[PDB]
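One structure is given below, encoded as structure tokens.
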Amino acid sequence: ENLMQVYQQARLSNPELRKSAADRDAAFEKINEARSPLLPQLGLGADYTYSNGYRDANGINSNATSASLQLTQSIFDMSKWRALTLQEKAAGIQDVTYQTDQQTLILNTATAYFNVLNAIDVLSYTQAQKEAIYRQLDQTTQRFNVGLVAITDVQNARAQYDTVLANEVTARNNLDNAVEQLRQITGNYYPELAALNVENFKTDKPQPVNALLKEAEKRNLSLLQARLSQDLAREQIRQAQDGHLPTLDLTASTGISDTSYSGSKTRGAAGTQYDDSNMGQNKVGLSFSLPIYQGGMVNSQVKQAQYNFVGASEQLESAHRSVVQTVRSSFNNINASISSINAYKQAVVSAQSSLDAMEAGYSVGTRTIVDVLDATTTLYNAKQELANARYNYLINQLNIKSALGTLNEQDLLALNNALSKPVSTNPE
Amino acid sequence: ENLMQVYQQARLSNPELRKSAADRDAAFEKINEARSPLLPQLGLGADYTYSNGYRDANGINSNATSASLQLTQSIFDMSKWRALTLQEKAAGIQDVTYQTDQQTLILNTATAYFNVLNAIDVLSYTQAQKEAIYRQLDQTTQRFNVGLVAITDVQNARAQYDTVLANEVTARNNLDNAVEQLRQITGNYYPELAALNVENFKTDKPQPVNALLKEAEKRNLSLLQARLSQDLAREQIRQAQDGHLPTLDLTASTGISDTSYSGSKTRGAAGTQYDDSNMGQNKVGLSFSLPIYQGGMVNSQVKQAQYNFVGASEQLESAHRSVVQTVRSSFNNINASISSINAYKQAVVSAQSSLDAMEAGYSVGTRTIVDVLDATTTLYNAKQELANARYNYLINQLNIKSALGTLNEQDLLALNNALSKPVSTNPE
Amino acid sequence: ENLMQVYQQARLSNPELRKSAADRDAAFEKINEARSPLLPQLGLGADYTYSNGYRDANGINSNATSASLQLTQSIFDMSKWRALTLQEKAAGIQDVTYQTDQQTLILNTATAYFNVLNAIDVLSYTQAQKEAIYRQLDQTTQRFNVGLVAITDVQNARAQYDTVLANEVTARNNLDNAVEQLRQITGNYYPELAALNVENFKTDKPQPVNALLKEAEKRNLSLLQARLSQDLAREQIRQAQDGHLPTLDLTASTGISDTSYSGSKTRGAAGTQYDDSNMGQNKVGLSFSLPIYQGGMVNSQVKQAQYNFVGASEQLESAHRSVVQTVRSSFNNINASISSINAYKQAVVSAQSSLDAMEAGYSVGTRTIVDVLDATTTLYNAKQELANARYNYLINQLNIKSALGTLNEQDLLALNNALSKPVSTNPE
């Protein structure tokens, strides 16, 4: 119903908080399995092989069988540690985006909630606006019952009556789709929700803009994430340089072999050479290798990981201009939002007393009923400008606080405290 | 010209019926090559090797040369069955979306055909609207030829005349880009196309909404496709468990070797050891391997494909709310569509006789010619939006029928039967 | 400030000429490392192995430290050559895209420049339109100070006055976001920019349309890029058939081993066999292998790069209809741009003298001040449509000429010479 509970009814029932929770727990499980090649390895083998000779080798035969246990452990790696560093940068990026999944969750779930309530309230001034068109249409037709005016005012109020019928029909459809927004993110139908107390509405002034360069350049998730990808490109420089490294190896392998004998050249002149033994063997191993001449494959990957480093530096420049653009664009959205809201209050008041002055001008007949529906219509327009711009002001609150990246569930909770009384969803 | 034949022109010359047909034949051809590693493998080998010795090998020399023939066969795999049924669930995903390429083909080619008809007919009422502004403009200027009215009526209707000139200009460009719907999608041009019999139109009432929960959840391609990816993820759990499995191996080979002899310590005190033989060899092979200790990537992708199992479960939840959203949103689109059609029919009536009583109201002079052009313009809005209420209702027909997944070339054919008389595609 | 210098201040400061030049130098550096497997490859090895027996084999022990020098060279490949010429189709398609990055960067730096100019000019027309609303509003209120008019034009002009306040507020915001377009792309702030000398602006007639099928089908980067992807797919057909090729291989190695001895059953009846001195060894090798029976993986990839052959062939059909769509759509955008501009100039003249004859009709009182603000409003609409349609005209020059792919820094310079005097950003 109200905000944070629907957030609860989103935080349990967002398929992308559960999908993305599956992403981040898959990413930390991915840290676990990226750690998994660091372990030793153990396995068994066995084989059977027949032999036969010819071409100055015919007459001697054999069959051979063996088994072997093998456990290995590396005596050099930086790459699993490297891919563990890129692994933790990557799952840390997944936590950055996952904070953008709770941040996006509150952002578009609360935003979508404001679209639901927005379709309720714009649909509501559509309703009362239709009521005004039907009152002046109705009393106009009543003046036609004695025969005062030509029918085209009645039928222009009928055609525009069909227009506001299309507005409550299609805006009714927009609220149906808004029920598919709470049914898209939340999943269900709520017959009423928490509306807005428009009475205590105030003009909160935002932060200084270069202070928001500090808030953005300190508190962005995105170019932080470009530092993770960019330093990750430095780890790809050093990972090609892991491509330049020598190595040592540890292995272990026991095994058995019998290798029975057969053939014409085998039996005869054997002399204890061809007697059957029961061979058992225990083995250990090491292996050094050095990169003498790779052919220069590394120092191409170094340069291209520098190209990812400076390109990702241009993703901190892209993200720099982008979230500079977010807090400054959003900043001016708050500015023209607030000042435009002041114009909406004076437009509502001047449209109200001007509406009543059109009631005066129509009571004396200097202006027709057309201007009555123009100050009426324009009045309801300014009603949706002010109230809907309160919703867009709420979106502006999500622009500043979500642009901060520190939008918690308590900013979400305070915006739940901004709410008020429940209003139904499907009237007639 | 008519619908389905252009669909035939789509079914021959959609580059994604052809290219995506090639994608689905790439998927089934990929079932063939996904089956291909299961087959035995036969190949050749040959090598030349020289030896030279020093320091306990100084004076003994040799060289080596061998040939070989190798056919192998696996005596375990289950992963190629899930390469193969990844390949068949996912080839069936390509058939899901390729049935959504005929469904998308009819969808956006018939939709785009309705955009061509939309540009022709909205542009046509733009033409006749310009004719109305030119009859009252020309008639008003004709009454100015004796000097009845003010010139600002003639020049306001010259600015509005330039406006409807601009509307037939850029809506002429929408006809040009509609020729780029026929030419972007169909590839070609028609001088005229089969329009809509708008005169016999009726309001069909759609299905019950929960019957479309059963019907939509019955014949969705998308979350069926998520079940393909999702049981696919279940055998990625069980394909990490294919990594948990032991194995047996079959190989086969044969070869020849000569190994001529040379050197100072070689010849002398040989004693039949260094006589030349020309060894021939036949070999078979089997190999077992045992998952004794595998580092713990074991069971990790079990967990991560549980995050893909719940992942595609939230893609069947996302797809669930998405196609519930599609047929319910589309349902309300048909509702406000039909009721809006009623609104525009009453707008045709009320704007019609209201326009005629503005001809009366202007013949008496109580209203100016401005209101005549406004009820005229509004009447053409009831024309373009009753006719485009029919056209968006045709899009609504593709919203229900394409949202069902039941759409075929016979629903396509029935919408070709809905067509009528051809109207030209380049008038003046 | 003036155009191409901003481009200069965008060419050094494009994150995607730096990013994407880093991509293309990554592609050329990837020609280098794509050549690096073709090089002879040299490296070192060293290892050590202990022996111990049991089960009728107990009592034998030995050890050997081997070092090895290994240089290899292939005596068949076409794949690294086709990786290298897929690296020339990748560096060459990457050059197609990077010419589309200079091309697209000029396209959107000049486009975005026109958007900044658009926000400035529409903002200024909002300014002077507000000035007209305040002159007639103020004069109207002063006529109420003697008592001539009704207050509903004063307060409806306060609703419209607050409206144009909200329009210089939100168009002030479009200015601010346009500063975030110069700060999004240029990255910085400019105090003023080059306004257009609109006085010498004239219409230029475009090229013949089938001649633009020659210029487009000759001078597309995109379906050229589909040709490179397409012959790329032709030697993916024949790179599968490179998978059908037999092959020969050259290897080289040497090194030492030590092979000392220990044990209980080792010692006893040695006879010069168990004397310790440390071996040296030299080796080479070859490998010729033939696709005798491979399971038929190839001839599926052949058909699927026929599916990629019709992939990029129906991307040359998709790209064909797309750039036919680009220059025909853009062509008719030039046409409706020109004729619409002519309608805008006649809207300027007819709305101007119509506005003056509404000043006559209001000075005599036959029409109210509402029509004065409608011809005023519509006049400023002809201003914004006119100069903004000059931005539509020049942006159509970017559409057709960037559609030719020969839109260069000199067409950038030509439109830089189309500029004139600078106007600042932020007055009151």
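We number chain C the same way Swiss-Prot does; the residues here are 23-450, in that order.
Per deposition record, electron microscopy, 6.5 Å.
The backbone N, Cα and C atoms fix where each Cβ goes, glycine too.
When the topology recorded in Swiss-Prot is consulted, C:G81 and C:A292 turn out to share a side of the membrane. The stretch that Swiss-Prot tags with transmembrane segment, taken from the ranges C:63-74, C:99-110, C:111-122, is C:63-74.
Residue ranges C:235-245, C:301-311, C:345-355, C:422-432 are listed, and Swiss-Prot annotates C:301-311 among them as transmembrane segment. Taking Cβ pairs closer than 8 Å, the region 'Disordered' (C:270-298) reaches residues 67, 75, 80-98, 304-310 in its own chain, all 6 or more past its ends. With a cut-off of 8 Å between Cβ atoms, the residues of this chain six or more beyond the topological domain 'Extracellular' (C:75-82) that come close are 285-288. Sequence-distant contacts of the topological domain 'Periplasmic' (C:23-62), counting only residues of its own chain at least 6 positions beyond either end whose CB sits under 8 Å from a CB of the stretch, comprise 93-96, 99, 102-103, 105-106, 109-110, 112-113, 116-117, 119-120, 123-124, 127-128, 131-132, 135, 204, 207-210, 212, 214-216, 431, 434-435, 437-438, 441, 444. Helix, strand and coil content of the topological domain 'Periplasmic' (C:23-62), in residues and according to DSSP, is 30 helix, 0 strand, 10 coil.
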